[PDB]
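Report on the following structure.
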Amino acid sequence: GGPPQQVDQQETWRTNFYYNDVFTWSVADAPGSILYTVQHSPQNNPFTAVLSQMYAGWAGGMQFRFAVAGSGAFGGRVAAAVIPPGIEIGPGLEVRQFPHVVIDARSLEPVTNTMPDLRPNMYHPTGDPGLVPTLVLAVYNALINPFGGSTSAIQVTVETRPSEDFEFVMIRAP
Amino acid sequence: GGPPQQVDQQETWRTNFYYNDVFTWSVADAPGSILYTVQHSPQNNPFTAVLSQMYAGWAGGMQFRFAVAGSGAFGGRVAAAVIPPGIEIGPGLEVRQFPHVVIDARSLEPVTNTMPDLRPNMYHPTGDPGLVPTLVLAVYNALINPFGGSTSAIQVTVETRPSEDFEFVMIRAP
Amino acid sequence: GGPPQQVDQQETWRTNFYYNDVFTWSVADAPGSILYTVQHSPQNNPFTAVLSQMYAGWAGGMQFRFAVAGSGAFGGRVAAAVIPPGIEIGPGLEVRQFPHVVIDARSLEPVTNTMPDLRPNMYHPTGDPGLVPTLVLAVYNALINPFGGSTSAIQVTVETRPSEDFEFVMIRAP
Amino acid sequence: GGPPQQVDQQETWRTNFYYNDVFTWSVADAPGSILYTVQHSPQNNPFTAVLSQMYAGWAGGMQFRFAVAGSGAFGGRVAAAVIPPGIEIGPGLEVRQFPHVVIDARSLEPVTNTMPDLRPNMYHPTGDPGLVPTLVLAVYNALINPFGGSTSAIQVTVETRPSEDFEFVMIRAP
Amino acid sequence: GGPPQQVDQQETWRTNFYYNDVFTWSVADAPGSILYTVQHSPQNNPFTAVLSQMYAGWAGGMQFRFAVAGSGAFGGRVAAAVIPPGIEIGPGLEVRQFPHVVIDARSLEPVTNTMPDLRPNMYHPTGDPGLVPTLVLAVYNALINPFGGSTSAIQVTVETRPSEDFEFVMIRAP
């Protein structure tokens, strides 16, 4: 591999969180189900996406932040774990024994989970990255609404940020 | 330009927040809509407004503070970003990839956003300021009321303050 | 004037808050109305009242503390400002551009506002104090109850305390 | 009272003289008469006037400068004294035994008289200032024109400036 | 912008005053009228004019000197202020509250007024300078001739000099 090419962190991007995706959390979800399966790719942050268009190859982790738009009178948690590569993702993947964080439905402050680059190589090529970690937001205790009515489908907004070790390795035609 | 003319910060004004405007947040708002579009002008703080009557020309940023008058059983967030000048403001302006802050509906403490003076020049003339930043309070996750009733139109009060770099440059007839 | 005569602060009184008055906050209040207009007098703390019976003349500020007995599912704020003497108090007194504090309806911790002695003289005589500041608790965003029912008239309890600069000047017949 | 709120003198205003009033000096004036009776108020300098609109209460003196638009072939002087408050102003007020300055009719350079804040209190309220000094420009030796003709009514222009101790004490609605 | 290109002041030009314009002062002028409205341009000093032919772009102020050719038996003053750009120049422009200097009709020594470069940019282009200050010589107390006769139209000669901060930025075809 080559030298790092996104050094000098203080550059707005990689120091601030930007929107990645939004997923809905339902009351009728079974408490072991899987929502928001995402893969370690540079197509999560848009500035990271356009510099991955610029560069050939990337390395380093990505910092994920979850903001829940739910009322204070809600219950149930979400479990977020960084699944190792090589482990099959699907039904029966029990998430709660991985190193995980707990995200409340009535959480005022956003919960941040660091997703490192668990890779056998130095870098992931842009055309074919190879073995990459997977971030899984499995439910930990289902949503409970003690009211009854139309409000049963609150949603969580995922915010993303490159970490301190994220950097591109080789430049190419943008 | 000339020297700064509102040095020695500790002067009550510019160290305390004062009311600027109030806007309403509705349940039926689409979650990408725009509320409270404001422009970087000295006609936001009243003491700043009367010294802009006193002086000719101004420079430096302004500190914005938002206080949400909503119940603890509300959901949904607000996104506040400082839009650069030169960028058109309207429908389709996607705010969530700008450097932004997240304001909860059930936030106990007020959320403060610093709006810097992004200017090509040294100062903005009072008659014609030129290129100025724009503060946009776009919605991030719509309001959800799990009750049903007359309460669907809570409102947010904007408080304003000159920053540490705000200062007037030239004096004129007040 | 004479020397200070309530030095050595650590004396229980002036270091602890004691009850002064209680006022009600209604849902149907207009959001610019005025509740709890109080005047800078020693007849706010009872120990201060009986030493004002003891002494002739007083100086120094008073520390005001507000405890709101409201539910966590309430909205709306209260604005507390120390109005300067010489300024007329009534309808149309816009409070939000004075140096103020914001008190939530669902505030867990009491909000404390320091009310200084803004006086032209050294001391205020007990018989006629002269120009004194006025503490005004104007509403900032009206009360919103998303339930509907009998609960619309929550109340706030004012607690008072002499400040660090409060002291009596001359002794007389108690 | 409160802290000073117009510290850091070097601010153009209070370091430069600005026009206040103009009064005429006639040949036929009796040599003990009184022209230009002014009172110690912030409505003498316009920047001081608009910050007195901004603030509530003021303290400190004001620096007065007189520029006489008279020929070099004129005679007679003007006497400028700062009359203490409590002293009645009218006919019979003999000015020449107060601490005074002498202003010539043919004076090339402007004559500056410092008018201090002779006050019993800490500050003067904006609505009612109380006891204030009075600047009286009494004549010392009447105008003599050795020519004879239409030129007998030369005029003096008063210029004003806040002094080093002038400062506002409390802020209010501008 | 580029580096300064008229450094090393001691070069005769910019250290000595040279003639710019001459204007007449009449007895029948109203005492608020405007004479000699000039604009901040390099076409005021002739050496500055030919190096502005040499160079492309300029910055820095200009030092203005006024020599009045009037008798010692004349009265009335002239007021010279540097009007900020953005302020409209015409009838009703009250000059006496700008930072100004007072020029006597019988002044032996010339009165010098420094006219700084109040600009939003780094430099003024030669083809289009943009926002520039304006020097206005408004009358302060009208001319009075106590004689009566043909002498009522004395004139003032303006002398100009580049200041210490005046310098050109970019060279072009002279």
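Residues in the structure tokens are numbered from 1 in each chain, the chains being A, B, ... in the order shown, and ligands are numbered from 1 in the order shown.
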Q: Counting only C-alpha atoms, collect the residues of chain D whose closest atom lies at most 8 Å from chain B, and write them out as a ChimeraX atom specification.
A: /D:5-8,11-12,46-47,50,54,171,174
Using the selection just defined, write its residues with C-alpha atoms as a PDB file, in the first residue's frame.
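Written file, out-v2.pdb:
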```
ATOM      1  CA  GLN D   5     -20.856  50.067  30.238  1.00  0.00           C
ATOM      2  CA  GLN D   6     -18.986  52.469  27.913  1.00  0.00           C
ATOM      3  CA  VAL D   7     -15.390  51.544  28.812  1.00  0.00           C
ATOM      4  CA  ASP D   8     -12.500  51.382  26.272  1.00  0.00           C
ATOM      5  CA  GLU D  11     -14.179  54.335  20.052  1.00  0.00           C
ATOM      6  CA  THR D  12     -14.338  57.439  17.762  1.00  0.00           C
ATOM      7  CA  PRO D  46     -26.078  62.421  19.243  1.00  0.00           C
ATOM      8  CA  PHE D  47     -24.271  59.120  19.799  1.00  0.00           C
ATOM      9  CA  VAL D  50     -28.957  57.193  20.995  1.00  0.00           C
ATOM     10  CA  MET D  54     -30.335  52.220  24.491  1.00  0.00           C
ATOM     11  CA  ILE D 171     -29.302  48.559  29.741  1.00  0.00           C
ATOM     12  CA  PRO D 174     -33.671  50.928  22.964  1.00  0.00           C
TER      13      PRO D 174
END
```
Q: Would you list the contacts of range 92-96 of chain E as an NGL selection string, taking every protein, DNA or RNA residue within 12 Å and counting only C-alpha atoms, but skipping same-chain residues closer than 5 positions in sequence?
A: (:B and (172-174)) or (:D and (16-22 or 45-46 or 157-160)) or (:E and (31-35 or 37 or 77-84 or 87 or 101-102 or 134-141))
Q. Could you state the separation of CA of residue 149 in chain E and CA of residue 106 in chain D in Å, given to one decimal place?
A. 21.9 Å
(Q) Residues within 8 Å of residue 132 in chain D, please, as a ChimeraX atom specification. Count only C-alpha atoms; anything in the same chain fewer than 3 positions from it doesn't count. (A) /D:39-41,84-85,117-119,129
(Q) Can you pull out the residues contacting residue 48 in chain B? Cut-off 9 Å, using only C-alpha atoms, and skip same-chain residues under 4 positions away; I want them as a list in words. (A)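 The contact residues come out as residues 13, 14, 42, 43, 44, 52, 53, 161 and 162 of chain B.
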Q: Tell me, in Å to one decimal, how far CA of residue 1 in chain C is from CA of residue 1 in chain D.
A: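 Going from CA of residue 1 in chain C over to CA of residue 1 in chain D, I get 15.4 Å.
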**Q.** residue 110 in chain D surroundings by only C-alpha atoms, 7 Å radius, close-in-sequence under 4 positions cut, as JSON, numbers by chain
**A.** {"D": [65, 66, 67]}
Q | Secondary structure check, strand (DSSP E) residues of chain D, as a VMD selection string | A | chain D and resid 18 to 24 34 to 39 55 to 59 62 to 69 75 to 83 100 to 104 111 to 115 134 to 144 155 to 162 167 to 171
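Interatomic distance, CA of residue 144 in chain D against CA of residue 30 in chain D: 11.6 Å.
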Q: Mind the document's chain letters and residue numbers, and return as a ChimeraX atom specification the residues of range 2-174 of chain D that DSSP labels alpha helix (DSSP H).
A: /D:46-54
